[PDB]
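Asker: Structure provided below as structure tokens; questions to follow.
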Amino acid sequence: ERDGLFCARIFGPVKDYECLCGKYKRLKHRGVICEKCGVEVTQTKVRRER
Amino acid sequence: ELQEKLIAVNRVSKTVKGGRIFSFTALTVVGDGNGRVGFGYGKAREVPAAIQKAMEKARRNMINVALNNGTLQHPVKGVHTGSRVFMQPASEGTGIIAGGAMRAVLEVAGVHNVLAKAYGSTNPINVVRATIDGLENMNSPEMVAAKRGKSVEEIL
Amino acid sequence: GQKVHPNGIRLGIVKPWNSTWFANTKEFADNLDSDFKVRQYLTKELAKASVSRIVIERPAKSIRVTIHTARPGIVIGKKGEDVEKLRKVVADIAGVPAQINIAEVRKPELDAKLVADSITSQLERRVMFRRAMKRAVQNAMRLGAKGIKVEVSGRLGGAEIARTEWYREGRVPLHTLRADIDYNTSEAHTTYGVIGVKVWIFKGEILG
Amino acid sequence: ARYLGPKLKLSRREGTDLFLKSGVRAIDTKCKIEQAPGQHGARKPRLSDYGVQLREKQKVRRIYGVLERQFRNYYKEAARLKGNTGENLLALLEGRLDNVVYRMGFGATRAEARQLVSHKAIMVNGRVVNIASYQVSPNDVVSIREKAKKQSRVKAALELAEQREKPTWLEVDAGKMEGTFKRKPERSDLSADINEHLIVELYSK
Amino acid sequence: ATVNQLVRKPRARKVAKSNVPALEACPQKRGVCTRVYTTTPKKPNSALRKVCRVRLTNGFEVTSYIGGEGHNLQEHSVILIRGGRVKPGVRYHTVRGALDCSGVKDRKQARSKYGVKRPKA
RNA sequence: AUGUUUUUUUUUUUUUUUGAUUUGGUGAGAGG
RNA sequence: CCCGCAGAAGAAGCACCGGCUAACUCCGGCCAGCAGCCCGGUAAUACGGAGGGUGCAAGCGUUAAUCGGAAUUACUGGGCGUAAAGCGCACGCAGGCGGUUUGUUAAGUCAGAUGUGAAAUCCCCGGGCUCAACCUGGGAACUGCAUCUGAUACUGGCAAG
Ligand SMILES: [Zn+2]
């Protein structure tokens, strides 16, 4: 849910180094946050500490 | 981390008693997006194998290149056989202005901004070699300072 | 037509026969015909089941078939339902009491015929022949073949000019009689024409 | 002077989502976004050096809805201007009035925004500007006029935008329906997938 | 090469002659068909290529290719030629759909290039 | 003694590596 | 220029899709035809039609013409044993170039200034037509020429070695 309890921008992307919605499907720009996704771009265990 | 570009693949023949035996040559070039570059020239009866061989060759015998930011440090000429090559450092935004085999080598090397003409022959294999030579010879400011027994501010 | 058939040259030594019976000049031709029939039937039936070798053996006015197949489960079906069905038809074909046995083929990648069949199938479903060939070779090698060769021929990639291509790996001695050379063949009836697949699989040399 | 055909086809061709439809419904549901258009979609051989560049150029052009001559002109302008060329070009593209409007959220799509601009809905510094290519400057307030303020489409667009990430380089008011173009955007603020450099190279043939 | 030498006698620019001289730097020229005929092309090709010897407005007697399938041209037919050589001695094409030369019948693609009007339906 | 003495398209693209085999509370019963 | 009226209404084509070159399939016999350079003889992604695509778009193609690519007349910036290219060999006027030191001159050279180098055009920062083209203010530039005042390493002149 964007943006509910289990958000994207507030915490992180479900998938590792992926915008959950759609951009960055390789290992080049880890961090960019487009307006269509409102998502960070890090590890799968990054949400466990945030 | 390494990026690898197959520049060209060319079919080459050997005449024998029966007829013509065909084979394939693959010219590749690999780089880490920083100073390190290496071209490889592989050969085999089938294309993919040849390409693989080329890649393997490339991966060993790499070479370091001193890069001032995204571009070169000064205008540099490089020659090899027919292909004589000029390449000139250029302002951020301009991109790799260079043709063919030459472009590929530059891209892997992690030069982002160049003005580069290939005079003479444009035989991919030779031209890439020439480019490599040019890159190799190109000295940095620090290096020059070291050579000359001076500081970097003395040279500017 | 240079080469001798690798199975055929070795029947006296390292390879055995498929049809294994005695008959006088009177009944021999008939027997042969029967064998041809039954085998044909079996091939037709158990196409989807991976079947390598049908071994016919008839003692005392009763036919014993032995089907070598990679997956018995699909040939047997439910325990003694499909086999039984097969049997009566076999009997009918022959005109004698039938008995079907089913040998389970360990390592279908090392059985040559099976491999050939697989390749043919692949060809039919429009894969890159070369990639299929590679797969065939590689797999066999992995499995522990001392060597393998495969050859495919004619209208490769639907090309107008037909040609043959072949991949060898390991050692495949054909002149050596004592070498266990499992040879077999198949034919891909593609849209552009037939594509014949040969495959030689060298298990190893027999010492006696 | 405009592309009037199927929008999702273009997106498909490109590979990416170009944002040529509002974003109520996801692009994967509306079309086979992975598969390229036409009879020979499933086949996808690696493109040439020229070809990739061309594709990139198209993508950018498609995104903003700018035909070729205009694009060329823009590129030229960028080149003329000081600083990084690709970046400059991008900035110029952004600066377009319709684009700005879209960003603000008065149009669901860029097309919608453009239409609005055309139909004398939008004002820039209290003066009705009708040109979609109008380059909006820093500190230039841009608003919906009182006639077009009642439209249901505008509010929908705004809502859509609100779901979408807000650009840092603008400041928009949903109630007042007026946004201030505070500054020309930095390259970091824009999307990272656009290889401006390729575009630059293409024109530097 | 030597600077002195150059000074003495400067570098000669290679003067490239025009491969369509009967136009005389005109995009097209009007001409009358002196005769119309078929000709066999050189190796390795095989055809009966339709061609017309044209007396031009400016006085030259040239031979012009006739593109497309079929043509209405006769002797004493006023045609426009455009330049372009068919790959012996033909350096010009008749513009189909100009003056007396008709557009090609039943053609739907590259229509412009053979004078053909847009099909209505 | 001698050979430009029957030419016609019987045509140039790989795999690529880069990532893993996936199951939370409640209550009841048995063994030691 | 502004306001009001009605209703998606009146408003999209051209070239191309063998490689170069972005875009592929099916159906019609070295013919008909294509072609800028390098197909067609019965499975043509190359001819013609279709469907599908690509590129431009109120234009799109073709032709002509110029520069470019062409470092393919190479001042910047090429060459000449075998690829085109060293006079058959010499002497030698004009011409080009000229070892080393000091002095002097100040022609070349360099520096600064003055005059001029029309306006427009080009380029920079601005302003005005809703934007743009277009118009427009100021600058820069116009690489030069002339004159005056210096500098004297280098080249030249003159004088001595
Ligand atoms: Zn994203």
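Naming scheme: A, B, ... for chains in displayed order of the structure tokens; residues 1 onward per chain; ligands 1 onward as shown.
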Return as a ChimeraX atom specification the residues belonging to chain A that are within 10 Å of chain F, counting only C-alpha atoms (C1' of nucleotides).
Answerer: /A:16,26-27
Asker: Please return as a tab-separated table (two decimals) with N, CA and C atoms, in the first residue's frame the residues found within 12 Å of ligand 1, counting only C-alpha atoms (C1' of nucleotides) and all ligand atoms.
Answerer:
chain	number	residue	atom	x	y	z
A	8	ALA	N	6.43	1.69	0.57
A	8	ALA	CA	7.64	1.73	-0.29
A	8	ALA	C	8.61	2.89	0.08
A	9	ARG	N	8.25	4.20	-0.05
A	9	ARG	CA	9.17	5.35	0.18
A	9	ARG	C	9.63	5.39	1.64
A	12	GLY	N	11.44	0.57	2.30
A	12	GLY	CA	12.30	0.13	1.21
A	12	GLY	C	11.59	-0.77	0.23
A	13	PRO	N	12.27	-1.15	-0.85
A	13	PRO	CA	11.72	-2.02	-1.89
A	13	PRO	C	11.71	-3.48	-1.46
A	15	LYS	N	11.73	-6.25	-3.27
A	15	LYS	CA	12.77	-6.97	-3.99
A	15	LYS	C	14.12	-6.28	-3.83
A	17	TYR	N	17.38	-4.52	-4.75
A	17	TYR	CA	17.84	-3.64	-5.83
A	17	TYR	C	16.85	-3.60	-6.99
A	18	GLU	N	15.59	-3.33	-6.68
A	18	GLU	CA	14.54	-3.25	-7.68
A	18	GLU	C	13.49	-2.22	-7.29
A	19	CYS	N	13.03	-1.45	-8.24
A	19	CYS	CA	11.91	-0.69	-7.87
A	19	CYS	C	10.77	-1.73	-8.03
A	20	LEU	N	10.05	-1.99	-6.93
A	20	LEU	CA	8.89	-2.85	-6.87
A	20	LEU	C	7.91	-2.62	-8.07
A	21	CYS	N	7.59	-1.36	-8.38
A	21	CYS	CA	6.73	-1.00	-9.49
A	21	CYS	C	7.40	-1.10	-10.89
A	22	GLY	N	8.56	-0.47	-11.15
A	22	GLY	CA	9.19	-0.62	-12.47
A	22	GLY	C	10.25	0.32	-13.08
A	23	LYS	N	11.53	0.09	-12.74
A	23	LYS	CA	12.78	0.81	-13.21
A	23	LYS	C	13.99	0.13	-12.49
A	24	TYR	N	15.26	0.17	-13.01
A	24	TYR	CA	16.43	-0.45	-12.37
A	24	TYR	C	16.32	-1.98	-12.19
A	25	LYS	N	16.63	-2.72	-13.25
A	25	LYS	CA	16.59	-4.18	-13.21
A	25	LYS	C	17.96	-4.74	-13.53
A	26	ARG	N	18.99	-4.10	-12.99
A	26	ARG	CA	20.38	-4.49	-13.19
A	26	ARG	C	21.20	-3.90	-12.01
A	29	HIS	N	22.34	1.98	-11.15
A	29	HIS	CA	21.89	3.12	-10.35
A	29	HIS	C	21.07	2.71	-9.13
A	30	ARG	N	21.77	2.35	-8.05
A	30	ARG	CA	21.12	1.94	-6.81
A	30	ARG	C	20.79	3.15	-5.95
A	31	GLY	N	19.55	3.64	-5.99
A	31	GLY	CA	19.17	4.79	-5.19
A	31	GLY	C	18.11	5.70	-5.79
A	32	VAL	N	18.10	5.84	-7.11
A	32	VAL	CA	17.14	6.70	-7.80
A	32	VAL	C	15.69	6.41	-7.39
A	33	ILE	N	14.89	7.46	-7.18
A	33	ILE	CA	13.50	7.29	-6.78
A	33	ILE	C	12.57	8.09	-7.70
A	34	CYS	N	11.98	7.43	-8.70
A	34	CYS	CA	11.08	8.10	-9.62
A	34	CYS	C	9.73	8.41	-8.97
A	35	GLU	N	8.98	9.33	-9.57
A	35	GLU	CA	7.68	9.74	-9.05
A	35	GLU	C	6.60	8.68	-9.25
A	36	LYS	N	6.79	7.80	-10.23
A	36	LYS	CA	5.82	6.74	-10.52
A	36	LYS	C	5.92	5.57	-9.52
A	37	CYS	N	7.03	5.49	-8.80
A	37	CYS	CA	7.24	4.44	-7.79
A	37	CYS	C	7.26	4.79	-6.29
A	38	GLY	N	7.73	6.01	-5.98
A	38	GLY	CA	7.83	6.53	-4.60
A	38	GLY	C	8.37	5.44	-3.71
A	39	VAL	N	9.46	4.85	-4.17
A	39	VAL	CA	10.23	3.70	-3.61
A	39	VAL	C	11.80	3.80	-3.30
A	40	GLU	N	12.43	3.69	-2.07
A	40	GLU	CA	13.93	3.49	-2.14
A	40	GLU	C	14.60	2.36	-3.00
A	41	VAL	N	15.93	2.28	-3.16
A	41	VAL	CA	16.48	1.10	-3.92
A	41	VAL	C	17.71	0.41	-3.25
A	42	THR	N	17.43	-0.40	-2.21
A	42	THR	CA	18.46	-1.18	-1.47
A	42	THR	C	18.19	-2.84	-1.29
D	16	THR	N	10.19	0.44	-22.17
D	16	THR	CA	9.79	1.00	-20.88
D	16	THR	C	8.34	1.50	-20.86
D	17	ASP	N	7.88	1.90	-19.67
D	17	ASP	CA	6.65	2.66	-19.50
D	17	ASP	C	6.99	4.14	-19.72
D	164	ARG	N	1.30	9.99	-7.45
D	164	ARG	CA	2.64	10.08	-8.08
D	164	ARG	C	3.55	10.94	-7.20
D	165	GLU	N	4.87	10.71	-7.26
D	165	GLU	CA	5.88	11.46	-6.47
D	165	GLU	C	5.86	12.94	-6.89
D	190	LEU	N	15.62	14.48	-12.33
D	190	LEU	CA	14.97	13.77	-13.44
D	190	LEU	C	15.27	12.28	-13.40
D	191	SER	N	14.62	11.52	-14.29
D	191	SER	CA	14.75	10.06	-14.33
D	191	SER	C	16.13	9.62	-14.82
D	192	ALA	N	16.69	8.62	-14.14
D	192	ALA	CA	18.05	8.13	-14.42
D	192	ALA	C	18.15	7.27	-15.69
D	193	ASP	N	17.05	6.62	-16.07
D	193	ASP	CA	17.04	5.72	-17.24
D	193	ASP	C	17.31	6.39	-18.60
Asker: Write out as CSV a residue-level contact list of chain B versus chain D with cut-off 7 Å: for each qualifying residue the closest pair of atoms and the distance in Å to one decimal, counting only C-alpha atoms, rows sorted by chain and residue number upward.
Answerer:
residue,atom,partner,partner_atom,distance
B:92,CA,D:84,CA,5.8
B:93,CA,D:84,CA,4.2
B:94,CA,D:85,CA,6.5
B:95,CA,D:197,CA,5.7
B:96,CA,D:201,CA,7.0
B:97,CA,D:201,CA,6.6
Asker: Take the residues from that selection and write them out as a short mmCIF file (atom, residue, chain, number, x, y, z; two decimals), in the first residue's frame, keeping N, CA, C and O atoms.
Answerer:
data_model
loop_
_atom_site.label_atom_id
_atom_site.label_comp_id
_atom_site.auth_asym_id
_atom_site.auth_seq_id
_atom_site.Cartn_x
_atom_site.Cartn_y
_atom_site.Cartn_z
N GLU B 92 32.60 17.93 -20.33
CA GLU B 92 31.52 17.09 -19.81
C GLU B 92 30.22 17.40 -20.54
O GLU B 92 29.84 18.56 -20.67
N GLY B 93 29.55 16.35 -21.03
CA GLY B 93 28.32 16.48 -21.80
C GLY B 93 28.46 16.13 -23.27
O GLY B 93 27.50 15.66 -23.89
N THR B 94 29.65 16.36 -23.84
CA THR B 94 29.90 16.14 -25.27
C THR B 94 29.77 14.70 -25.76
O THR B 94 29.47 14.48 -26.93
N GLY B 95 30.01 13.73 -24.88
CA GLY B 95 29.91 12.32 -25.26
C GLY B 95 31.10 11.82 -26.06
O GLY B 95 32.01 12.59 -26.40
N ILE B 96 31.10 10.53 -26.37
CA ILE B 96 32.15 9.92 -27.17
C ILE B 96 31.88 10.20 -28.63
O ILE B 96 31.05 9.53 -29.25
N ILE B 97 32.58 11.18 -29.18
CA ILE B 97 32.53 11.45 -30.61
C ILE B 97 33.66 10.67 -31.25
O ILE B 97 34.80 11.15 -31.34
#
Asker: Give the residues of chain E that lie within 12 Å of chain F; count only C-alpha atoms (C1' of nucleotides), and format the answer as a PDB file with C-alpha atoms, in the first residue's frame.
Answerer:
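Wrote selection26.pdb, looks like this:
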ATOM      1  CA  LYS E  43      26.247  -9.126 -67.866  1.00  0.00           C
ATOM      2  CA  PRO E  44      25.268 -10.666 -65.601  1.00  0.00           C
ATOM      3  CA  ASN E  45      21.663  -9.427 -66.050  1.00  0.00           C
ATOM      4  CA  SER E  46      18.893 -10.430 -68.465  1.00  0.00           C
TER       5      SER E  46
END
Asker: For chain D, report every residue with an atom at most 9 Å from chain G (counting only C-alpha atoms (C1' of nucleotides)), formatted as a short mmCIF file (atom, residue, chain, number, x, y, z; two decimals) with C-alpha atoms, in the first residue's frame.
Answerer:
data_model
loop_
_atom_site.label_atom_id
_atom_site.label_comp_id
_atom_site.auth_asym_id
_atom_site.auth_seq_id
_atom_site.Cartn_x
_atom_site.Cartn_y
_atom_site.Cartn_z
CA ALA D 1 2.18 18.11 -35.86
CA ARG D 2 1.11 15.63 -33.17
CA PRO D 37 4.41 -4.17 -31.47
CA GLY D 38 3.28 -5.93 -34.63
CA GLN D 39 3.33 -9.43 -36.10
CA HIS D 40 7.04 -9.88 -35.23
CA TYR D 50 23.20 3.60 -34.32
CA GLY D 51 19.92 1.85 -33.64
CA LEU D 54 17.96 6.23 -32.28
CA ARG D 55 15.69 4.27 -29.95
CA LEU D 67 8.36 16.06 -33.17
CA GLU D 68 11.72 15.81 -34.85
CA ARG D 127 -1.58 36.02 -18.87
CA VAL D 128 -3.22 33.28 -20.94
CA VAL D 129 -0.48 31.29 -22.73
CA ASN D 130 -1.67 28.94 -25.47
CA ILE D 131 1.62 27.42 -26.67
CA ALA D 132 2.64 23.99 -25.38
CA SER D 133 6.28 24.66 -26.32
CA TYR D 134 6.32 27.83 -24.15
CA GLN D 135 9.48 27.71 -22.02
#
Asker: Taking only C-alpha atoms (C1' of nucleotides) into account, report as a PyMOL selection string which residues of chain F lie within 12 Å of chain C.
Answerer: chain F and resi 10-11+14-15
Asker: Could those selected residues go to a file with C-alpha atoms (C1' of nucleotides), as a PDB file, in the first residue's frame?
Answerer:
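Contents of the output file out.pdb:
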ATOM      1  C1'   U F  10      25.728 -23.079 -54.674  1.00  0.00           C
ATOM      2  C1'   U F  11      25.561 -15.542 -50.058  1.00  0.00           C
ATOM      3  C1'   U F  14      26.828 -15.778 -30.164  1.00  0.00           C
ATOM      4  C1'   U F  15      24.198 -17.079 -25.930  1.00  0.00           C
TER       5        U F  15
END
Asker: Any idea what the distance is between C1' of residue 126 in chain G and CA of residue 168 in chain D?
Answerer: 29.2 Å
